[PDB]
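Student: See start.tsv below, with TSV, N, CA and C atoms.
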```tsv
chain	number	residue	atom	x	y	z
A	6	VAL	N	-12.59	-5.15	-16.76
A	6	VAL	CA	-11.17	-5.19	-17.25
A	6	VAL	C	-10.24	-5.16	-16.06
A	7	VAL	N	-9.32	-6.11	-16.01
A	7	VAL	CA	-8.38	-6.24	-14.91
A	7	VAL	C	-7.08	-5.69	-15.45
A	8	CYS	N	-6.44	-4.82	-14.68
A	8	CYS	CA	-5.16	-4.29	-15.11
A	8	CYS	C	-4.07	-5.27	-14.78
A	9	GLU	N	-3.12	-5.38	-15.69
A	9	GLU	CA	-1.89	-6.07	-15.41
A	9	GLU	C	-1.04	-5.21	-14.50
A	10	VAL	N	-0.11	-5.83	-13.80
A	10	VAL	CA	0.91	-5.12	-13.05
A	10	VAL	C	2.05	-4.84	-14.00
A	11	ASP	N	2.41	-3.57	-14.14
A	11	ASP	CA	3.52	-3.18	-15.00
A	11	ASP	C	4.73	-4.05	-14.62
A	12	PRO	N	5.43	-4.68	-15.55
A	12	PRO	CA	6.67	-5.35	-15.21
A	12	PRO	C	7.64	-4.53	-14.42
A	13	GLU	N	7.78	-3.23	-14.70
A	13	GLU	CA	8.70	-2.41	-13.92
A	13	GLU	C	8.23	-2.35	-12.49
A	14	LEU	N	6.92	-2.25	-12.29
A	14	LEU	CA	6.37	-2.26	-10.94
A	14	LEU	C	6.60	-3.57	-10.23
A	15	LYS	N	6.46	-4.67	-10.93
A	15	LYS	CA	6.71	-5.95	-10.31
A	15	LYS	C	8.14	-5.98	-9.79
A	16	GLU	N	9.08	-5.42	-10.53
A	16	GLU	CA	10.47	-5.38	-10.09
A	16	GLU	C	10.64	-4.49	-8.90
A	17	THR	N	10.01	-3.31	-8.95
A	17	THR	CA	10.09	-2.38	-7.84
A	17	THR	C	9.61	-3.05	-6.59
A	18	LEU	N	8.49	-3.75	-6.69
A	18	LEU	CA	7.87	-4.40	-5.56
A	18	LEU	C	8.75	-5.53	-5.04
A	19	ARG	N	9.34	-6.29	-5.94
A	19	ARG	CA	10.22	-7.38	-5.55
A	19	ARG	C	11.41	-6.85	-4.77
A	20	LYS	N	12.08	-5.83	-5.30
A	20	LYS	CA	13.22	-5.25	-4.60
A	20	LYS	C	12.79	-4.70	-3.25
A	21	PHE	N	11.65	-4.05	-3.23
A	21	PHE	CA	11.15	-3.48	-2.00
A	21	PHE	C	10.86	-4.50	-0.94
A	22	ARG	N	10.24	-5.60	-1.31
A	22	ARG	CA	9.95	-6.63	-0.35
A	22	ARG	C	11.21	-7.06	0.39
A	23	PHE	N	12.32	-7.16	-0.31
A	23	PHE	CA	13.56	-7.68	0.29
A	23	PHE	C	14.55	-6.61	0.72
A	24	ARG	N	14.09	-5.37	0.76
A	24	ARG	CA	14.91	-4.26	1.21
A	24	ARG	C	15.50	-4.61	2.58
A	25	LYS	N	16.71	-4.15	2.81
A	25	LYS	CA	17.34	-4.41	4.11
A	25	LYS	C	17.29	-3.18	5.00
A	26	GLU	N	16.78	-2.07	4.47
A	26	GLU	CA	16.57	-0.88	5.27
A	26	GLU	C	15.51	-1.13	6.35
A	27	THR	N	15.63	-0.45	7.47
A	27	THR	CA	14.77	-0.69	8.65
A	27	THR	C	13.92	0.53	9.00
A	28	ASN	N	13.78	1.44	8.04
A	28	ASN	CA	12.91	2.59	8.19
A	28	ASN	C	11.57	2.25	7.59
A	29	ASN	N	10.59	3.13	7.74
A	29	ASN	CA	9.30	2.94	7.12
A	29	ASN	C	9.37	3.44	5.70
A	30	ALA	N	8.77	2.72	4.77
A	30	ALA	CA	8.81	3.15	3.38
A	30	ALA	C	7.56	2.69	2.66
A	31	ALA	N	7.21	3.37	1.58
A	31	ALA	CA	5.98	3.03	0.88
A	31	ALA	C	6.14	3.09	-0.60
A	32	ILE	N	5.39	2.24	-1.28
A	32	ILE	CA	5.25	2.32	-2.72
A	32	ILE	C	3.78	2.63	-2.97
A	33	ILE	N	3.52	3.72	-3.67
A	33	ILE	CA	2.19	4.09	-4.03
A	33	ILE	C	2.03	3.85	-5.51
A	34	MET	N	0.91	3.27	-5.86
A	34	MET	CA	0.62	2.77	-7.21
A	34	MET	C	-0.70	3.26	-7.70
A	35	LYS	N	-0.81	3.48	-9.00
A	35	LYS	CA	-2.04	3.93	-9.60
A	35	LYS	C	-2.27	3.13	-10.86
A	36	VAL	N	-3.49	3.17	-11.33
A	36	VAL	CA	-3.83	2.62	-12.62
A	36	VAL	C	-3.53	3.62	-13.75
A	37	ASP	N	-2.87	3.13	-14.78
A	37	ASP	CA	-2.75	3.79	-16.06
A	37	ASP	C	-3.87	3.22	-16.91
A	38	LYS	N	-4.95	3.98	-17.08
A	38	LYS	CA	-6.10	3.48	-17.79
A	38	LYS	C	-5.82	3.09	-19.23
A	39	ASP	N	-5.03	3.91	-19.90
A	39	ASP	CA	-4.77	3.69	-21.32
A	39	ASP	C	-4.02	2.39	-21.52
A	40	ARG	N	-3.04	2.14	-20.66
A	40	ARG	CA	-2.26	0.91	-20.76
A	40	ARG	C	-2.91	-0.28	-20.13
A	41	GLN	N	-3.95	-0.04	-19.33
A	41	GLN	CA	-4.58	-1.07	-18.51
A	41	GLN	C	-3.54	-1.76	-17.66
A	42	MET	N	-2.80	-0.93	-16.92
A	42	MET	CA	-1.70	-1.39	-16.12
A	42	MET	C	-1.68	-0.65	-14.82
A	43	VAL	N	-1.35	-1.35	-13.76
A	43	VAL	CA	-1.00	-0.74	-12.52
A	43	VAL	C	0.46	-0.34	-12.60
A	44	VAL	N	0.77	0.91	-12.27
A	44	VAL	CA	2.09	1.47	-12.39
A	44	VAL	C	2.49	2.12	-11.10
A	45	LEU	N	3.78	2.28	-10.92
A	45	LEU	CA	4.36	3.01	-9.83
A	45	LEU	C	4.02	4.49	-9.96
A	46	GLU	N	3.57	5.07	-8.86
A	46	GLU	CA	3.42	6.52	-8.77
A	46	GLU	C	4.52	7.12	-7.93
A	47	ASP	N	4.80	6.55	-6.77
A	47	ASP	CA	5.82	7.10	-5.89
A	47	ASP	C	6.42	6.02	-5.04
A	48	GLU	N	7.69	6.16	-4.74
A	48	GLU	CA	8.41	5.32	-3.80
A	48	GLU	C	8.98	6.23	-2.78
A	49	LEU	N	8.55	6.06	-1.54
A	49	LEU	CA	8.88	7.03	-0.48
A	49	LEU	C	9.54	6.37	0.69
A	50	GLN	N	10.55	7.02	1.25
A	50	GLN	CA	11.34	6.48	2.33
A	50	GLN	C	11.14	7.33	3.57
A	51	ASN	N	11.37	6.74	4.73
A	51	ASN	CA	11.22	7.40	6.00
A	51	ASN	C	9.89	8.12	6.11
A	52	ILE	N	8.82	7.37	5.87
A	52	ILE	CA	7.50	7.95	5.83
A	52	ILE	C	6.61	7.35	6.91
A	53	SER	N	6.09	8.21	7.79
A	53	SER	CA	5.27	7.72	8.88
A	53	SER	C	3.84	7.50	8.41
A	54	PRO	N	2.99	6.81	9.17
A	54	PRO	CA	1.62	6.66	8.73
A	54	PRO	C	0.91	8.00	8.44
A	55	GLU	N	1.16	9.03	9.22
A	55	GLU	CA	0.49	10.31	8.99
A	55	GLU	C	1.02	10.92	7.71
A	56	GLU	N	2.32	10.83	7.48
A	56	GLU	CA	2.88	11.37	6.27
A	56	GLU	C	2.35	10.62	5.07
A	57	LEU	N	2.23	9.31	5.19
A	57	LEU	CA	1.65	8.50	4.12
A	57	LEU	C	0.23	8.91	3.82
A	58	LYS	N	-0.57	9.06	4.87
A	58	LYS	CA	-1.91	9.51	4.72
A	58	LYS	C	-1.95	10.79	3.87
A	59	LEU	N	-1.07	11.74	4.19
A	59	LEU	CA	-1.06	13.04	3.52
A	59	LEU	C	-0.61	12.96	2.07
A	60	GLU	N	0.05	11.90	1.71
A	60	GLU	CA	0.40	11.68	0.31
A	60	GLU	C	-0.74	11.16	-0.55
A	61	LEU	N	-1.76	10.58	0.05
A	61	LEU	CA	-2.80	9.96	-0.71
A	61	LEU	C	-3.84	10.95	-1.21
A	62	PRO	N	-4.30	10.79	-2.45
A	62	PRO	CA	-5.42	11.61	-2.93
A	62	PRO	C	-6.65	11.36	-2.09
A	63	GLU	N	-7.38	12.42	-1.79
A	63	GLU	CA	-8.54	12.28	-0.99
A	63	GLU	C	-9.76	11.72	-1.69
A	64	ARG	N	-9.81	11.86	-3.00
A	64	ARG	CA	-10.99	11.51	-3.78
A	64	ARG	C	-10.70	10.59	-4.96
A	65	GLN	N	-9.50	10.00	-5.01
A	65	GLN	CA	-9.18	8.97	-6.00
A	65	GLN	C	-8.55	7.80	-5.33
A	66	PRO	N	-8.68	6.59	-5.87
A	66	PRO	CA	-8.10	5.45	-5.23
A	66	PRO	C	-6.63	5.33	-5.48
A	67	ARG	N	-5.95	4.63	-4.60
A	67	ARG	CA	-4.56	4.25	-4.80
A	67	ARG	C	-4.34	2.93	-4.13
A	68	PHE	N	-3.33	2.21	-4.62
A	68	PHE	CA	-2.79	1.07	-3.94
A	68	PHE	C	-1.50	1.47	-3.25
A	69	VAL	N	-1.25	0.92	-2.09
A	69	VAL	CA	-0.06	1.21	-1.34
A	69	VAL	C	0.54	-0.08	-0.81
A	70	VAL	N	1.84	-0.21	-0.90
A	70	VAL	CA	2.59	-1.21	-0.15
A	70	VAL	C	3.44	-0.45	0.85
A	71	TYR	N	3.21	-0.74	2.09
A	71	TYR	CA	3.85	-0.02	3.17
A	71	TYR	C	4.68	-1.01	4.00
A	72	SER	N	5.96	-0.71	4.10
A	72	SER	CA	6.87	-1.45	4.97
A	72	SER	C	6.97	-0.65	6.25
A	73	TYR	N	6.43	-1.19	7.32
A	73	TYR	CA	6.31	-0.45	8.57
A	73	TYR	C	7.11	-1.11	9.67
A	74	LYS	N	7.88	-0.31	10.41
A	74	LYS	CA	8.60	-0.80	11.54
A	74	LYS	C	7.68	-0.84	12.73
A	75	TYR	N	7.31	-2.04	13.15
A	75	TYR	CA	6.37	-2.22	14.24
A	75	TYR	C	7.17	-2.50	15.50
A	76	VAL	N	7.11	-1.59	16.46
A	76	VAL	CA	7.87	-1.72	17.68
A	76	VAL	C	6.91	-2.26	18.71
A	77	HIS	N	7.18	-3.47	19.17
A	77	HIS	CA	6.36	-4.11	20.19
A	77	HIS	C	6.58	-3.36	21.50
A	78	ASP	N	5.65	-3.48	22.45
A	78	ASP	CA	5.75	-2.69	23.68
A	78	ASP	C	7.04	-2.96	24.44
A	79	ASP	N	7.53	-4.20	24.36
A	79	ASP	CA	8.78	-4.58	25.02
A	79	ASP	C	10.05	-4.26	24.24
A	80	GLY	N	9.89	-3.71	23.04
A	80	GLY	CA	11.03	-3.28	22.24
A	80	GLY	C	11.47	-4.20	21.14
A	81	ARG	N	10.88	-5.40	21.05
A	81	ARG	CA	11.08	-6.23	19.86
A	81	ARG	C	10.55	-5.44	18.68
A	82	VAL	N	11.12	-5.71	17.52
A	82	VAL	CA	10.73	-5.03	16.32
A	82	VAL	C	10.44	-6.07	15.25
A	83	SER	N	9.37	-5.82	14.52
A	83	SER	CA	9.04	-6.51	13.28
A	83	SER	C	8.91	-5.51	12.15
A	84	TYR	N	9.00	-5.99	10.92
A	84	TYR	CA	8.92	-5.13	9.75
A	84	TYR	C	7.87	-5.67	8.78
A	85	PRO	N	6.62	-5.68	9.22
A	85	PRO	CA	5.57	-6.17	8.36
A	85	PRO	C	5.46	-5.37	7.09
A	86	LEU	N	5.09	-6.08	6.03
A	86	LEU	CA	4.86	-5.48	4.74
A	86	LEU	C	3.37	-5.58	4.55
A	87	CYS	N	2.76	-4.41	4.37
A	87	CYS	CA	1.30	-4.24	4.38
A	87	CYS	C	0.84	-3.82	2.93
A	88	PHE	N	-0.33	-4.26	2.47
A	88	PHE	CA	-1.00	-3.66	1.32
A	88	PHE	C	-2.14	-2.81	1.89
A	89	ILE	N	-2.30	-1.59	1.39
A	89	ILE	CA	-3.43	-0.75	1.74
A	89	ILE	C	-4.10	-0.32	0.43
A	90	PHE	N	-5.35	-0.71	0.27
A	90	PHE	CA	-6.16	-0.17	-0.78
A	90	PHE	C	-6.86	1.05	-0.23
A	91	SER	N	-6.46	2.19	-0.70
A	91	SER	CA	-7.15	3.42	-0.38
A	91	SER	C	-8.23	3.62	-1.39
A	92	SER	N	-9.48	3.50	-0.95
A	92	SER	CA	-10.66	3.63	-1.81
A	92	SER	C	-11.60	4.63	-1.17
A	93	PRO	N	-11.30	5.92	-1.28
A	93	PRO	CA	-12.14	6.93	-0.65
A	93	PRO	C	-13.55	6.88	-1.18
A	94	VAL	N	-14.48	7.09	-0.28
A	94	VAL	CA	-15.91	7.06	-0.66
A	94	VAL	C	-16.30	8.14	-1.66
A	95	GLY	N	-15.51	9.19	-1.73
A	95	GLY	CA	-15.72	10.24	-2.70
A	95	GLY	C	-15.21	9.96	-4.11
A	96	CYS	N	-14.61	8.80	-4.33
A	96	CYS	CA	-14.22	8.46	-5.71
A	96	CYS	C	-15.42	8.03	-6.54
A	97	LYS	N	-15.37	8.29	-7.83
A	97	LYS	CA	-16.40	7.76	-8.70
A	97	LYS	C	-16.44	6.25	-8.65
A	98	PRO	N	-17.63	5.66	-8.59
A	98	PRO	CA	-17.73	4.21	-8.63
A	98	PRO	C	-16.94	3.56	-9.77
A	99	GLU	N	-16.96	4.13	-10.98
A	99	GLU	CA	-16.24	3.50	-12.09
A	99	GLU	C	-14.78	3.36	-11.75
A	100	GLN	N	-14.23	4.38	-11.11
A	100	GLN	CA	-12.81	4.40	-10.80
A	100	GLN	C	-12.51	3.49	-9.64
A	101	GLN	N	-13.37	3.50	-8.64
A	101	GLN	CA	-13.30	2.57	-7.53
A	101	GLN	C	-13.24	1.16	-8.04
A	102	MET	N	-14.15	0.82	-8.94
A	102	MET	CA	-14.28	-0.54	-9.40
A	102	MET	C	-13.13	-0.94	-10.30
A	103	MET	N	-12.59	0.01	-11.05
A	103	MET	CA	-11.41	-0.26	-11.84
A	103	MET	C	-10.26	-0.70	-10.96
A	104	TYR	N	-10.01	0.04	-9.89
A	104	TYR	CA	-9.02	-0.39	-8.94
A	104	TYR	C	-9.39	-1.67	-8.21
A	105	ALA	N	-10.61	-1.77	-7.75
A	105	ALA	CA	-11.04	-2.96	-7.00
A	105	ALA	C	-10.84	-4.24	-7.80
A	106	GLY	N	-11.17	-4.19	-9.09
A	106	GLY	CA	-11.03	-5.36	-9.95
A	106	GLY	C	-9.61	-5.79	-10.19
A	107	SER	N	-8.67	-4.89	-9.97
A	107	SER	CA	-7.24	-5.22	-10.18
A	107	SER	C	-6.48	-5.47	-8.89
A	108	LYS	N	-7.14	-5.30	-7.75
A	108	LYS	CA	-6.48	-5.44	-6.48
A	108	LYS	C	-5.91	-6.82	-6.28
A	109	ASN	N	-6.73	-7.83	-6.53
A	109	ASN	CA	-6.24	-9.17	-6.17
A	109	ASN	C	-4.99	-9.56	-6.96
A	110	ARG	N	-4.99	-9.24	-8.25
A	110	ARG	CA	-3.84	-9.56	-9.09
A	110	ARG	C	-2.59	-8.87	-8.56
A	111	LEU	N	-2.75	-7.64	-8.15
A	111	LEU	CA	-1.63	-6.88	-7.62
A	111	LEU	C	-1.13	-7.45	-6.31
A	112	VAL	N	-2.05	-7.78	-5.42
A	112	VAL	CA	-1.70	-8.37	-4.16
A	112	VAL	C	-0.96	-9.69	-4.36
A	113	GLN	N	-1.45	-10.48	-5.27
A	113	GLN	CA	-0.83	-11.78	-5.54
A	113	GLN	C	0.56	-11.58	-6.11
A	114	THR	N	0.69	-10.63	-7.03
A	114	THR	CA	2.00	-10.32	-7.64
A	114	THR	C	3.02	-9.97	-6.59
A	115	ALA	N	2.60	-9.16	-5.63
A	115	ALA	CA	3.47	-8.67	-4.56
A	115	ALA	C	3.60	-9.73	-3.45
A	116	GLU	N	2.84	-10.83	-3.54
A	116	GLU	CA	2.87	-11.95	-2.56
A	116	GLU	C	2.53	-11.48	-1.15
A	117	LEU	N	1.67	-10.49	-1.08
A	117	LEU	CA	1.33	-9.90	0.21
A	117	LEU	C	0.19	-10.66	0.86
A	118	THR	N	0.28	-10.88	2.16
A	118	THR	CA	-0.80	-11.55	2.89
A	118	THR	C	-1.57	-10.61	3.80
A	119	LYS	N	-1.00	-9.45	4.10
A	119	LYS	CA	-1.64	-8.45	4.98
A	119	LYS	C	-2.22	-7.37	4.12
A	120	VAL	N	-3.53	-7.46	3.93
A	120	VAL	CA	-4.21	-6.66	2.96
A	120	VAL	C	-5.33	-5.89	3.62
A	121	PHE	N	-5.19	-4.57	3.62
A	121	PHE	CA	-6.11	-3.71	4.28
A	121	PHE	C	-6.74	-2.75	3.31
A	122	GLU	N	-7.83	-2.15	3.74
A	122	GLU	CA	-8.59	-1.22	2.92
A	122	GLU	C	-9.09	-0.10	3.79
A	123	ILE	N	-8.99	1.10	3.28
A	123	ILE	CA	-9.56	2.26	3.92
A	123	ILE	C	-10.53	2.95	2.99
A	124	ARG	N	-11.61	3.49	3.55
A	124	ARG	CA	-12.64	4.13	2.75
A	124	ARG	C	-12.62	5.64	2.92
A	125	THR	N	-11.65	6.15	3.67
A	125	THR	CA	-11.27	7.53	3.64
A	125	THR	C	-9.82	7.61	4.03
A	126	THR	N	-9.08	8.54	3.46
A	126	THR	CA	-7.69	8.64	3.83
A	126	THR	C	-7.53	8.97	5.30
A	127	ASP	N	-8.53	9.58	5.92
A	127	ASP	CA	-8.44	9.93	7.34
A	127	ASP	C	-8.26	8.69	8.21
A	128	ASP	N	-8.64	7.54	7.69
A	128	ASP	CA	-8.60	6.34	8.49
A	128	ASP	C	-7.21	5.76	8.53
A	129	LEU	N	-6.28	6.27	7.71
A	129	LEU	CA	-4.91	5.76	7.76
A	129	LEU	C	-4.16	6.41	8.91
A	130	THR	N	-4.24	5.79	10.08
A	130	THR	CA	-3.51	6.26	11.23
A	130	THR	C	-2.60	5.19	11.74
A	131	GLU	N	-1.63	5.59	12.52
A	131	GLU	CA	-0.74	4.59	13.06
A	131	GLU	C	-1.49	3.62	14.00
A	132	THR	N	-2.46	4.12	14.74
A	132	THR	CA	-3.23	3.28	15.62
A	132	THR	C	-3.99	2.25	14.87
A	133	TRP	N	-4.68	2.66	13.81
A	133	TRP	CA	-5.41	1.74	12.96
A	133	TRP	C	-4.44	0.68	12.44
A	134	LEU	N	-3.30	1.14	11.93
A	134	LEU	CA	-2.38	0.20	11.30
A	134	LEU	C	-1.89	-0.79	12.30
A	135	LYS	N	-1.48	-0.31	13.46
A	135	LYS	CA	-0.98	-1.24	14.48
A	135	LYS	C	-2.02	-2.25	14.89
A	136	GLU	N	-3.26	-1.83	14.98
A	136	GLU	CA	-4.31	-2.74	15.37
A	136	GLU	C	-4.53	-3.76	14.30
A	137	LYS	N	-4.52	-3.31	13.05
A	137	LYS	CA	-4.63	-4.26	11.96
A	137	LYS	C	-3.52	-5.30	11.99
A	138	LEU	N	-2.29	-4.83	12.18
A	138	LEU	CA	-1.14	-5.71	12.13
A	138	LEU	C	-1.08	-6.68	13.26
A	139	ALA	N	-1.62	-6.28	14.40
A	139	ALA	CA	-1.63	-7.15	15.60
A	139	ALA	C	-2.39	-8.46	15.38
A	140	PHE	N	-3.30	-8.48	14.41
A	140	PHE	CA	-3.98	-9.73	14.06
A	140	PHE	C	-3.00	-10.78	13.60
A	141	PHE	N	-1.87	-10.34	13.05
A	141	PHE	CA	-0.88	-11.26	12.51
A	141	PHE	C	0.20	-11.57	13.57
A	142	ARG	N	0.06	-10.97	14.76
A	142	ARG	CA	0.92	-11.23	15.93
A	142	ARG	C	0.42	-12.42	16.75
```
Let me see whether you can do it: turn the structure in this file into structure tokens.
Tutor:
Amino acid sequence: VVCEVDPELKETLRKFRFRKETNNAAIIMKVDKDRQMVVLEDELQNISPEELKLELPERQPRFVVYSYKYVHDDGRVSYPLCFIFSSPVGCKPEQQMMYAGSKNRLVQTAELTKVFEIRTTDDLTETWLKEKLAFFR
């Protein structure tokens, strides 16, 4: 069963993509099993990678869209929009797979091309993120 993206979430994501703010911000999303929908859990502003990490459940999956201010060594700035599938190894397989099966639809909805996955929340570090993003540099 593939979850639909909640229409309200699609709107949240659309507005977020085109935000004109230049701080780091995140949208965290979860599955509503009963509705078979991906829904908004939290929208957070001025959130660093470590703070984001600390928001994520350690043993349940989440989807994240993270708008990160990437400061190049010379001081140029980019604002990549990242998808992070947090799929901790301690989650039940059924729950992992429920999220995994809905990931692509969500990514497509959000029109995201930078799609990452972590298998423990500990792996969400700024270093990891920057290295991931540098592939698109």
Student: Among the residues of region 46-114 of chain A, find those DSSP assigns to strand (DSSP E or B) from the backbone and print them as a ChimeraX atom specification.
Tutor: /A:46-50,67-72,75-76,82-83,86-91
Student: Interatomic distance between atom C of residue 26 (chain A) and CA of residue 62 (chain A)?
Tutor: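 Going from atom C of residue 26 (chain A) over to CA of residue 62 (chain A) covers 26.2 Å.
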Student: Which of these residues is nearest to residue 106 (chain A), using only C-alpha atoms: A:6, A:65, A:60, A:39?
Tutor: A:6
Student: Closest to residue 22 (chain A) among A:34, A:86, A:52, A:129, using only N, CA and C atoms?
Tutor: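 Selected residue with least distance to residue 22 (chain A): A:86.
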Student: Suppose you want the space between CA of residue 12 (chain A) and CA of residue 41 (chain A); what is it in Å?
Tutor: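 Taking CA of residue 12 (chain A) and CA of residue 41 (chain A), their separation equals 12.5 Å.
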Student: What does the structure give for the distance between CA of residue 59 (chain A) and CA of residue 126 (chain A), in Å to one decimal?
Tutor: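 These two atoms are separated by 8.0 Å.
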Student: Report as a ChimeraX atom specification all protein, DNA and RNA residues lying within 6.5 Å of region 73-84 of chain A, evaluated on all atoms listed in the file, omitting residues in the same chain fewer than 3 positions from it.
Tutor: /A:27-30,87
Student: Using only C-alpha atoms, which of A:25, A:142, A:35, A:134 sits nearest residue 55 (chain A)?
Tutor: A:134
Student: Could you put an axis-aligned box around every listed atom of region 107-114 of chain A, padded by 4 Å on each side, and send me its centre and edge lengths in Å to one decimal, as AutoDock Vina command-line options?
Tutor:
```
--center_x -2.8 --center_y -8.3 --center_z -7.2 --size_x 19.7 --size_y 14.9 --size_z 14.0
```
Student: Complete region 65-79 of chain A at the level of N, CA, C and O atoms, written as an mmCIF file, in the frame of the given file.
Tutor:
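Full text of selection_7.cif as output:
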```cif
data_model
loop_
_atom_site.group_PDB
_atom_site.id
_atom_site.type_symbol
_atom_site.label_atom_id
_atom_site.label_comp_id
_atom_site.auth_asym_id
_atom_site.auth_seq_id
_atom_site.Cartn_x
_atom_site.Cartn_y
_atom_site.Cartn_z
ATOM 1 N N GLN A 65 -9.500 10.000 -5.010
ATOM 2 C CA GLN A 65 -9.180 8.970 -6.000
ATOM 3 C C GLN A 65 -8.550 7.800 -5.330
ATOM 4 O O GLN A 65 -7.923 7.986 -4.302
ATOM 5 N N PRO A 66 -8.680 6.590 -5.870
ATOM 6 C CA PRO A 66 -8.100 5.450 -5.230
ATOM 7 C C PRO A 66 -6.630 5.330 -5.480
ATOM 8 O O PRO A 66 -6.122 5.862 -6.468
ATOM 9 N N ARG A 67 -5.950 4.630 -4.600
ATOM 10 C CA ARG A 67 -4.560 4.250 -4.800
ATOM 11 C C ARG A 67 -4.340 2.930 -4.130
ATOM 12 O O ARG A 67 -5.043 2.533 -3.209
ATOM 13 N N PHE A 68 -3.330 2.210 -4.620
ATOM 14 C CA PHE A 68 -2.790 1.070 -3.940
ATOM 15 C C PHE A 68 -1.500 1.470 -3.250
ATOM 16 O O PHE A 68 -0.710 2.191 -3.820
ATOM 17 N N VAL A 69 -1.250 0.920 -2.090
ATOM 18 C CA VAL A 69 -0.060 1.210 -1.340
ATOM 19 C C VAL A 69 0.540 -0.080 -0.810
ATOM 20 O O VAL A 69 -0.207 -0.932 -0.316
ATOM 21 N N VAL A 70 1.840 -0.210 -0.900
ATOM 22 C CA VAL A 70 2.590 -1.210 -0.150
ATOM 23 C C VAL A 70 3.440 -0.450 0.850
ATOM 24 O O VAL A 70 4.198 0.422 0.488
ATOM 25 N N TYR A 71 3.210 -0.740 2.090
ATOM 26 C CA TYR A 71 3.850 -0.020 3.170
ATOM 27 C C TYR A 71 4.680 -1.010 4.000
ATOM 28 O O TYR A 71 4.176 -1.991 4.519
ATOM 29 N N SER A 72 5.960 -0.710 4.100
ATOM 30 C CA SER A 72 6.870 -1.450 4.970
ATOM 31 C C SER A 72 6.970 -0.650 6.250
ATOM 32 O O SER A 72 7.528 0.448 6.255
ATOM 33 N N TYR A 73 6.430 -1.190 7.320
ATOM 34 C CA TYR A 73 6.310 -0.450 8.570
ATOM 35 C C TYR A 73 7.110 -1.110 9.670
ATOM 36 O O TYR A 73 7.020 -2.316 9.862
ATOM 37 N N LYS A 74 7.880 -0.310 10.410
ATOM 38 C CA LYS A 74 8.600 -0.800 11.540
ATOM 39 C C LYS A 74 7.680 -0.840 12.730
ATOM 40 O O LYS A 74 7.298 0.225 13.257
ATOM 41 N N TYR A 75 7.310 -2.040 13.150
ATOM 42 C CA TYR A 75 6.370 -2.220 14.240
ATOM 43 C C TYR A 75 7.170 -2.500 15.500
ATOM 44 O O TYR A 75 7.858 -3.519 15.581
ATOM 45 N N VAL A 76 7.110 -1.590 16.460
ATOM 46 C CA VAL A 76 7.870 -1.720 17.680
ATOM 47 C C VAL A 76 6.910 -2.260 18.710
ATOM 48 O O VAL A 76 5.920 -1.604 19.050
ATOM 49 N N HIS A 77 7.180 -3.470 19.170
ATOM 50 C CA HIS A 77 6.360 -4.110 20.190
ATOM 51 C C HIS A 77 6.580 -3.360 21.500
ATOM 52 O O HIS A 77 7.597 -2.673 21.669
ATOM 53 N N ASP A 78 5.650 -3.480 22.450
ATOM 54 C CA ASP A 78 5.750 -2.690 23.680
ATOM 55 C C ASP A 78 7.040 -2.960 24.440
ATOM 56 O O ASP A 78 7.592 -2.051 25.081
ATOM 57 N N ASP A 79 7.530 -4.200 24.360
ATOM 58 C CA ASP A 79 8.780 -4.580 25.020
ATOM 59 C C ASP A 79 10.050 -4.260 24.240
ATOM 60 O O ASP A 79 11.155 -4.522 24.730
#
```
